[PDB]
Amino acid sequence: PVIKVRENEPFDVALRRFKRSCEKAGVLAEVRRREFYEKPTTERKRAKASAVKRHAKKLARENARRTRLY
Amino acid sequence: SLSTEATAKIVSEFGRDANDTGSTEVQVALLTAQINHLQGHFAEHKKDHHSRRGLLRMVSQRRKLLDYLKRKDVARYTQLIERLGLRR
Amino acid sequence: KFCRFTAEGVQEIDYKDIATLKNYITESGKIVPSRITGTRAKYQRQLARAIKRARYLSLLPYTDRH
Amino acid sequence: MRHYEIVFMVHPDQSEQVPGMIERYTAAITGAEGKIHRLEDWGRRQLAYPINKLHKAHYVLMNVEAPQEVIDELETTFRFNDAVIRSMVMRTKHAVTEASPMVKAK
Amino acid sequence: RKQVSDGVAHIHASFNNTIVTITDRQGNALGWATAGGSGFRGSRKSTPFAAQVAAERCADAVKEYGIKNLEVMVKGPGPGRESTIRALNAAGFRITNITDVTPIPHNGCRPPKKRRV
RNA sequence: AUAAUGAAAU
RNA sequence: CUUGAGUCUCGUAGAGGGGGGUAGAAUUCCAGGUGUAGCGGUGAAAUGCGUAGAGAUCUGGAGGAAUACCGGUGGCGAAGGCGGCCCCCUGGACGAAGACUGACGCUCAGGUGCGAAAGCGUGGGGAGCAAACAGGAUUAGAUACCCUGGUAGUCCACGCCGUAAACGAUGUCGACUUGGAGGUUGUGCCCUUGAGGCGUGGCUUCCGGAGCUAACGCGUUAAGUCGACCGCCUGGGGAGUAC
């Protein structure tokens, strides 16, 4: 993220622009993920679990709109 | 694999006609050509285990075709193995 | 989803086409995902190869800080 | 004979030898019963990142058909020549003759 | 001394400390301050407030060069990324740029092992 | 942050 | 004899295998400039490094290990496994329309090959972090978990060893039996409205009917209904141990 301040621009606007740019780049997530070594077994297990959870949540939320609570 | 020109040349040499691509003689001759060619490759790359499965499959197929031909006609078998220089 | 390459019936993606390739990289120089753009998988693989060739020849950057 | 595409880059302070280089390489390729299908000289361009403390390199593009030994010798020539700073060689399925995107919007 | 009028502030923000260094445009230092030297130790050294005080002291320590315009480089994930920038703008410089220069490898060296506590 | 143990029967 | 099994002609997708080159980001070390009291680490600490000038910031050089983003319940391989870019050698799979041979097939005791990590031998190499080992700590104790260091090994060439919860805890081949929603990769036709419809093949993920099952569950990729060949079991310990 490189941010240049435009003429007449205040400082808070530039600060917010910088924060949004950093969030879009996603640097903090990378630095957090690269702090300790992870085993390939752990990595593959995490990926599979995330996919299964997303699928199950979708099925449940799509089937929960066919019943009346009261 | 073999090239179109070499394939056509072998088919002409060993078949009854340029359209006779399915005879035991043509099949055996093509397998022998490729087995002979690959000896140079495997003399330089001795740890290419994944490619050697195909070679072994070729060897087995040729053995089976020769056994069938020997059962069905001895004279053709003798002439073919003489022409190709095959025996241990 | 709309895929421009499928719409225009392209055969190869041409690492020399900087004008087109520029639409598919972020401002840091990273390759944009396919669920954001709509591209098909075949063309996504072709596109990644082309971007790598351009980076090597120096017609595109690797990062935004060299 | 197979089809190749070649790109090479030259030091900015030696732009006066590009025509002689093109002539020599064209002669080397055509002397072995080859053919030349596309040739372009893009001129000096700004680089995306520095190489050896340089910007502003000179680019040449070729599309040819030849045997393998000639291309091997050409690669050796690139390696040992000192005006050339980078090169790339790729194989193609068919011959290419159209004009490139670089000579249609520059 | 020698007037400069244009400088760069480097901010090193780790999980345990914050370091602020002010430099000319060619990399030559002029002054510095840290959170651990401003009267905070242990669990108080890794807060935004300590970083703010450190930036104030660094601004004070460079008043003989008469600096007017500053660029800002930030590096690290800790607390102290934004408090320092706010403190500088308040202390009265004019900020012209903001850049993130945190280093990231493209699959390089093996990191250390996980902590079981 | 750490942080042990409890005979056999009714 | 042509329906099983093979050969030939044109194309397509792929981290399939062996050899050789090369690029960019980052860590460590060496030699220089600016600058001056702290840095590093934890739940809290001190062992450690530092006024013989560290940590921070900028310029030049050396070395060897791995390839962010793309990247997905995505792809390839008999299994073990395989990921930057370029060239040389090489194995398998699939589709359309034809021609060709004529049962040339399936399974397999003994036999022969391939086979993750760690380990062994000879010769090289060595950023990073790491059994063993040494020192702060915590504790009633702490030959541990946590912190600061650190060598065998992890890398390369050739040769041994033959084991894993080597797992879908489900041997290989062939035929038959209601449905729904997706992913990836080929191909034919067009009312015509040139951006959309109607079909037909290969591989793969999830739900569920009849039947089956001790239950949990499986369900056209069967654990349903049948046929051909092989491997294995017979109460728990002693023991996958002794000779």
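Sequence lines set the chain letters: A, B, ... in the order given, protein chains first and strands last, and positions in each chain run from 1.
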What pair of heavy atoms forms the shortest contact from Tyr62(C) to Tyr49(D), and how long is it?
CE1-OH, 3.9 Å
First locate atom OG of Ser58(C), then atom CZ of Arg45(D), and finally report the distance between them rounded to the nearest 0.5 Å.
10.0 Å
If you count the non-hydrogen atoms of other residues, nucleotides and ligands that lie under 6.0 Å from CD in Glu27(C), is the total more than 12?
no
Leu59(C) side chain near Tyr59(D) side chain, heavy-atom distance below 4.5 Å:
yes
Looking at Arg65(C), I want to see if its CZ is surrounded by more than 12 non-hydrogen atoms of other residues, nucleotides or ligands under 6.0 Å.
yes
Test side chain to side chain donor-acceptor pair (under 3.5 Å) applied to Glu5(D) - qualifying residues, sequence neighbours left out
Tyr15(C), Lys16(C)
Within residues 94-102 of chain D, which residues come under 4.5 Å of chain C, heavy atom to heavy atom?
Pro101(D), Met102(D)
Residues, nucleotides or ligands: over 12 heavy atoms within 6.0 Å of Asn52(D) CG:
no
Heavy-atom neighbours of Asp82(D) CG exceed 12 at 6.0 Å:
no
More than 12 heavy atoms of other residues, nucleotides or ligands under 6.0 Å from CZ of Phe2(C): is that the case?
yes
Starting at CE of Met88(D), measure out to CZ of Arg53(C) and round the result to the nearest 0.5 Å.
6.5 Å
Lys104(D) atom NZ, neighbour heavy-atom count above 12 within 6.0 Å:
yes
To the closest 0.5 Å, what do you measure between CZ (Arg86(D)) and CG (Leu57(C))?
8.0 Å
